[PDB]
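Close look at the chain arrangement
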Amino acid sequence: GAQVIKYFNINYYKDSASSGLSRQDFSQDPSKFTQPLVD
Amino acid sequence: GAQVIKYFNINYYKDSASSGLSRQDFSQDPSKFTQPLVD
Amino acid sequence: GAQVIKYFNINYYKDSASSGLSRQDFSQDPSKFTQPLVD
Amino acid sequence: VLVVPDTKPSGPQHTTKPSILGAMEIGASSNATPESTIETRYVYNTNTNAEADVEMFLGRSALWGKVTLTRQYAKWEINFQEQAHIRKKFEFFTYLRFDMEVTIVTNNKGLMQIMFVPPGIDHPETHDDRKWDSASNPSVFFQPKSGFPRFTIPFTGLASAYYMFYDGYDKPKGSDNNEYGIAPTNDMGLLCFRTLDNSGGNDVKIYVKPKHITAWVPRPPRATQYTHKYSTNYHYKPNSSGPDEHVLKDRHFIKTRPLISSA
Amino acid sequence: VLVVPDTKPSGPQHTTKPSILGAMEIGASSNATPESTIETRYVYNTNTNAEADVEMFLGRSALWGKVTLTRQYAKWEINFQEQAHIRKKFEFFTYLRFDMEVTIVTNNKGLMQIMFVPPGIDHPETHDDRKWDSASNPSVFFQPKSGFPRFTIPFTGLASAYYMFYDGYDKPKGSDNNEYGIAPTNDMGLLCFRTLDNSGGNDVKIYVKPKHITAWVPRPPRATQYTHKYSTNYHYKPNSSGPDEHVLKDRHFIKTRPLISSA
Amino acid sequence: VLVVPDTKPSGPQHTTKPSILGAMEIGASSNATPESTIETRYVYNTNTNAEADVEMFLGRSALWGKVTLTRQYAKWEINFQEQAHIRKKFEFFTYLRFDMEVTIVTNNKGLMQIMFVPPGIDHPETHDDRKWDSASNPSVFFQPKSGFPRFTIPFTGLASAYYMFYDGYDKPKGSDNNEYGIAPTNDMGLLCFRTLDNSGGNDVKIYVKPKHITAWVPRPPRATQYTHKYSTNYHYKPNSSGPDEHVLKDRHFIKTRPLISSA
Amino acid sequence: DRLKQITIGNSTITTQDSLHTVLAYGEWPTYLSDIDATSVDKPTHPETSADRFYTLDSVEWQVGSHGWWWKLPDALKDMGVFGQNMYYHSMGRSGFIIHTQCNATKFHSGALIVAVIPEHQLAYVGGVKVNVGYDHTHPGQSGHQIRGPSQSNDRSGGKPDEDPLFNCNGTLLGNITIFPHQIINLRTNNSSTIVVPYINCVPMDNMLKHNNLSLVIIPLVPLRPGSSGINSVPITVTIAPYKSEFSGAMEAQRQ
Amino acid sequence: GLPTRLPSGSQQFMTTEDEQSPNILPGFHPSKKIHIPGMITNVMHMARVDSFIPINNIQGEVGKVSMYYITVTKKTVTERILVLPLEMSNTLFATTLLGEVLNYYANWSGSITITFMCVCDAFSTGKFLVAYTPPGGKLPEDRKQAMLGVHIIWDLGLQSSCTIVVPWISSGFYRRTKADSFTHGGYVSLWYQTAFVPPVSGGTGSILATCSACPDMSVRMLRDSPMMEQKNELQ
Amino acid sequence: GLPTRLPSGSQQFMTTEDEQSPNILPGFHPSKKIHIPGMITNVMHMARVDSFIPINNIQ
Amino acid sequence: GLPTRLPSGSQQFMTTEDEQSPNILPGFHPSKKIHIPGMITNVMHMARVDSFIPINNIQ
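Residues numbered from 1 in each chain as written, not as in the entry; some residues may be left out. Chains lettered and ligands numbered in written order. Part of a larger assembly, values for the part shown. Heavy atoms only, no water.

Its PDB record attributes the structure to cryo-EM, giving the resolution as 2.79 Å.

**Focus on the overall build of chain A**
Heads up, the rule is: Elements are defined by DSSP. Helices are runs of H or I of four residues or more, strands are runs of E of two residues or more, and each kind is numbered from the N terminus. Only protein chains enter the area calculation, which uses a 1.4 Å probe; residues under 20% of their type maximum are buried, those over 50% are exposed, and those in between are partly exposed. To measure how exposed things are, a 1.4 Å probe is used in the Shrake-Rupley method; for residues, cover is taken only from the protein chains shown. Neither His nor the chain ends contribute to the count of charged residues, in which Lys and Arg are positive and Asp and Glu negative. Every charge is mapped to an atom, namely NZ of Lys, CZ of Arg, CG of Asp or CD of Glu.
Broken down by element type, chain A carries zero helices and zero strands. Dimensions of chain A, computed from C-alpha atoms along their principal axes, come out at roughly 50 × 30 × 10 Å. Residues counted as buried form 31% of the 39 residues belonging to chain A. Surface exposure of chain A reaches about 2600 Å², of which carbon and sulfur atoms provide 52%. When the 4 basic and 4 acidic side-chain charges of chain A are each reduced to a single mean position, those positions are 17 Å apart.

**Section: the overall build of chain G**
Let me state the cut-off plainly: Taken over C-alpha atoms, the radius of gyration is set against a globule rule of 2.2 Å times the number of residues to the power 0.38. The contact criterion used throughout is that any non-hydrogen atoms of two residues lie within 4.5 Å.
A count of helical and extended segments in chain G gives two helices and 13 strands. The C-alpha radius of gyration of chain G comes to 18 Å, within 12% of the 18 Å expected for a compact globule of 255 residues. Considering only C-alpha atoms, chain G reaches an extent of 60 × 55 × 30 Å along its principal axes. Within chain G, buried positions represent 66% of all 255 residues. Long-range pairs, those at least 24 residues apart, make up 82% of the contacts in chain G with a sequence separation of at least 6.

**Some words on the state of the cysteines**
Defined as follows: Sulfur atoms of two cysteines make up a disulfide when they are within 2.5 Å.
According to the stated counting rule, one finds zero disulfides over all chains in the structure shown. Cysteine 102 of chain G forms no disulfide, and the closest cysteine sulfur to it belongs to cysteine 120 of chain H, at a distance of 16 Å.

**Description of the interface of chain H and chain E**
As a reminder of what qualifies: Here the buried area means the combined drop in accessible surface, using a 1.4 Å probe, for two parts upon being joined, counting both sides. Pairing of N or O atoms within 3.5 Å defines a polar contact, subject to two protein rules: one partner must be a possible hydrogen donor and the other a possible acceptor, and residues neighboring in sequence count only if both atoms are side-chain atoms.
Every contact between the two is made by 87 residues of chain H and, on the other side, 89 residues of chain E. For the pair chain H and chain E, the two sides together bury roughly 7600 Å², of which 60% comes from carbon and sulfur. Counting the surface chain H buries against chain E, the share from its top three residues, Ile24, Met228 and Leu234 of chain H, is 11%. The tally of links between chain H and chain E comes to 40 residue pairs in polar contact. Mapped onto the side of chain H that touches chain E, the elements with two or more residues apiece are helix 1 (44-47), strand 5 (80-85), helix 2 (91-94), helix 3 (97-102), strand 7 (112-119), strand 9 (150-156), strand 10 (161-166) and strand 14 (218-222) of chain H.

**Here's the deal with the side chain of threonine 214 of chain F**
As for its position among the elements, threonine 214 of chain F is in strand 9 (residues 203-215). At a separation of 3.1 Å, a polar atom in the side chain of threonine 214 of chain F contacts the side chain of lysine 33 of chain J. In this structure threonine 214 of chain F touches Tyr95, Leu96 and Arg97 of chain F together with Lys33 and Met39 of chain J, once residues within four positions along its chain are discounted.

**Observations concerning the sheet that holds strand 9 (residues 144-145) of chain G**
Here is the rule we go by: In this scheme, strands are said to pair when DSSP sees at least two bridges between them.
Here we have five strands laid out as an open sheet, ordered 9-6-12-8-10 (chain G), and antiparallel in their pairing. Each of the sheet's edge strands pairs with one partner strand only, and the pair in question is strand 9 and strand 10 (181-185) of chain G.

**Looking at the packing of aromatic side chains**
Spelled out, the test is: Paired rings are identified among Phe, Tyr and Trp, the last through its six-membered ring, by centres lying within 6.5 Å, and are further divided according to the angle between planes into stacked (under 30 degrees), edge-to-face (over 60) and tilted (the rest).
What the rule picks out here adds up to 62 aromatic pairs over all chains. Judged by centre distance (6.1 Å) and plane angle (80°), the rings of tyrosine 73 of chain D and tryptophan 132 of chain D are edge-to-face. Highlighted residues: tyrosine 73 of chain D in strand 2 (residues 73-77) and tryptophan 132 of chain D in the loop between strand 4 (112-117) and strand 5 (139-142), separated in sequence by 59 residues. For the pair shown, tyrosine 73 of chain D and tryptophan 132 of chain D are each scored as buried. Here the aromatic rings of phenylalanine 98 of chain F and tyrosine 162 of chain F are separated by 5.1 Å at their centres, their planes lie at 65°, and the arrangement is edge-to-face. With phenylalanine 98 of chain F in strand 3 (residues 95-106) and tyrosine 162 of chain F in strand 7 (residues 162-163), the pair connects residues that are 64 residues apart, well separated along the chain. For the pair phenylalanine 98 of chain F and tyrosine 162 of chain F, a shared accessibility class is recorded, and that class is buried. Aromatic ring contacts, followed pair by pair, group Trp64, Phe80, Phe90, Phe98, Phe155 and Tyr162 of chain D into a single cluster.

Written as structure tokens, this is what we have:
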């Protein structure tokens, strides 16, 4: 075990690489593309 | 794990489709049939 | 079981020898070497 | 769980509004209970219909299909049309929204691969076909000894439910290739099978369990044996051989009796 | 999870700043939505792209390699260059940082050893080679019946990402052995296989799942079948035999049509 | 975990106390870092040596021994002296205190017994030997198919550490049977093997993992191939046959170069 | 307005018919920070002397010309003190301001795709497995005139692929818009400006061995004279290094 | 011990499953993650970038850059210039950034953006009808029948391009990536509204086209893309 | 590890059992569930509707 | 019992894995750990000690 009307995110092998897919998603924006302009 | 003189409803695969049968039942009435009348 | 935004260090066989690798590291210094001098 | 109502007591009654009279024409079922007809006692009744709800009724994981590995290869297009007993139970309803868990029961041994091939692309047509090498086609590797493979397919509609019956066509009026019924309305994918060994038998049984079911428009249960899949055709042609050519049997489940009133 | 935006209502509009005009030259995509063009209704839209994010898109554990045990021995240099379908998906991006979990699907039986041989040293070249006896080379012993071996390799870069494409060389200008592309840029190790029994088949399939992926510089998807690995060469020489010598095929996926405007 | 220190900035310096001068004779290593020599920038350096600590370095479970079942019987005296690669890694240190977990990798099938025979008593010399019936000798029964046996032996010293090197003798001056080195200093027991079936292959591989290690007095790494176990003898006699009799090879890893200053 | 002025020290671009500037990935060039650094030595920033516009040779754009590419930093290796800093250092980084210039007339028709490709790894001109030679991927300021697809292109000497439709790498032109790009449509604009930061998975690398970027100008629609006797128009490329760094001073890697 | 059970699918290896696996190489320290420009977290951000439609794909022009542009001239009567049947599996869309992200997914929803740019001299002018025939309709073959669907009219001058939005019109909630008559998407066609008039009688003009996804576009059921095939081993 | 046991019926496949299974196609988004008239949650609501008895069934 | 699953790599023997194993010889008391001079907890402390380069290595 590693870390934590509930949920539990538990790492059995105690490595960050040994975890499954990373489902926690924040970063995004299309604008790096589709609008890559100064002004 | 996913969610919660006790009980524990635990989802091992963290998907709503991967759960077993849905045993929580409220909605019902025969009257859609057997009495399908205006008045 | 033996002992203890979380973590759990659990010994299944209840022996200190039966545990896995010891990952808790404090003691160190190169100076026993590389500087083994009186003054 | 919901228990059936208790039987209430009722005594002799002289009433100028009969509850036992009515009109079959109005389109409504009778409200009559035994308290309207006979003189009754209080019965405390704990019985439940829990085993009759659509989740339990359709939730038993029937056999949808059988395939045989021919040269250590099999293919199956996912559907309930092939098996009469599960096809009849789904067809109590016009529309069904369900997830399905798919269990594969095989008598083979060694090592098997199942590929789920999503609609719109080409499947592996043989073992050793290069298409068994796939980046994004979900597959399952299992050894039939020590465990049965099982996976859940969520609801893939294109609509909010599956059509059990479809009274439309996929093409306009004048098109000569028109297809009638639910076959164009959705395709649930196909399962490809291959063996990476030789070993055991060739038979592959696909068991499917509907779960999280929502059923919509009750229909009359199928009164006749099925003839073709994706049809509703109930006329059965028993033989192509000779003078009995073009003779059809309905094959219903109604049984006669020698006399009314003598039964 | 992020749902796609709702469709907002829009009425008739008389506007002196057209949103439907623009310049393709500026290098920007259109901002136009259906609210600019037609007259629209409010639609409450719950659809998600969750299955299109780079974690789900590249996270399915494709087959990277196949090897055959020859005299109960096999060797594989870890890479995605060999399989066209997974190689195309990685090459939507210039740079990838990922951990990989490696599953070994084998039809052999008895007992197998996998040795992960880190770069820079010599691998066992046969079974019974003394180098299979290793203090610090990580190995895996498994019995193919009852389970598939799986291990995770973390990200071994030398850089902050893997190069999918590399426009440089590993040696200076005048060196005649110069190597072009990503092959010098990193080496992920090699997997050595041996059987400690005889038993089953000789085939070893290496499935690799990228996880914890970070992708960087989107590229045009590969428009042509691959020819060699670590190349980008798309010109295919079909035969060395005769007068068709030195005839090359591009082998693209563009299909023609009889007429524009008639499609 | 301990990250390596950051590189601090440094500018031009005019100093009357050179940090780059010193005396090799004092017996101390240099304190010089790049901030003393060149003009440097701040680098934020997150690298760790975690994989170099003695727990990770010696903690990989190397192969200590191989035995063959002859008449469904094998015997092995526990030690690291037989395998050069793990023997070299332990011999970076004069003293080691470790527990060891012992994994047995066998290609046999059916049923095997391992007996751990503590020092000071007699072991079973054959299968069917009555000494395989033991009250207090710890044994392990396992079926090689479906799992590898593993057990931990704690630290059995007679001392606070194991001697990797021992400059003494077990007997006094005039005794003619004197034994030199670590062999008398401790004995870790022996493992007896037998098969209760026939079935598979005869090979038994003993993998041992040091855990909970404490290492003491660093030594120069072994610069020469080993010749005998419990020796340190590095002179190798290649052949007993003829005129090359009494010719010895050191077998070191130093390689020459054509010229100094031209490399 | 369509007017633009870009002043990078010692030199000034003035564009009177212009689009917006493409800022690649919405990212301006920065100096390598201390968080991302690898090498311990203090780098050199030449600033105004290296960071400034270097205009290359013009290329004649004609009926039937398939295109051109330049490799960066390569194209600048002989240019001013920027190119001197490439040879005397192990490593270097930089961003670039690429200004492409083609003007014709209101009677001319044509379109050019001006794109910047990170890690543009070419394909061998055809056949067996051969690395494209160092000599061909490093033309210098001259760049490479793309010739075209033919069975008759010389396959000797590890030559790069000549086919612009496949981007010389085997991926369709027309998807090249996924990279920082602008189109020069003679009807609309006579120029283009792309500001690319330093793109790499490495903080700095060798300026000579590795070509970070590639500037590719493809004639998307050919050049029509209209009614004029002008069948060809020049295309001038002008590059400004920006926020360029160099570290690992050594002997010049030149000959 | 604790009683457990092994339900079906426990010893399975599913290629698409999500699980934790033991780290080989424990203690390994990855190289530090620096800032790189361009980070893309979703592949639908590639489908939202404009990319040229090979509108001219025909027997002679495929394999050449000329497959991306069409010729327009001055004509006495309105003609149907171009047809872009709306299928993400069609070469027109399947080869783009939009269509080649969508070919990894079995079905899709949302709106398409198609942008037409005319490459001509500055004295050329024109009006064009760009119509979208909604699903279930017949390809018009007349400008009276084409204008009865979703359509724009783009004046040509002083701005290069114009964009028809193909709005989402569907009976069901998703459209299959592969063309079928049940989910078929309809047609985009190009017409002359008035004419293309050049400064000189025989003058001509070129039209390009790009497509991108709108922000409401969504895909599901990742599959193999038909856009790659491997007939040989790569060695 | 934690001591466990595998009682009879652990490796079974029972057709009527209730269990959770891994989702193939992870991340898949089902089409939205709209209102449809007629929803029936129990099949005993069909038995409570009148239906004609074939009272005359004879040869 | 409690439903479990055996993902790939569960029955594996990985040489580099970190796991707990049953103690053979239970109750065994190790000899006491005294102070010894020189304790080295990391092998990079050996690389930080000066050692002579065989600069003259030649035939």
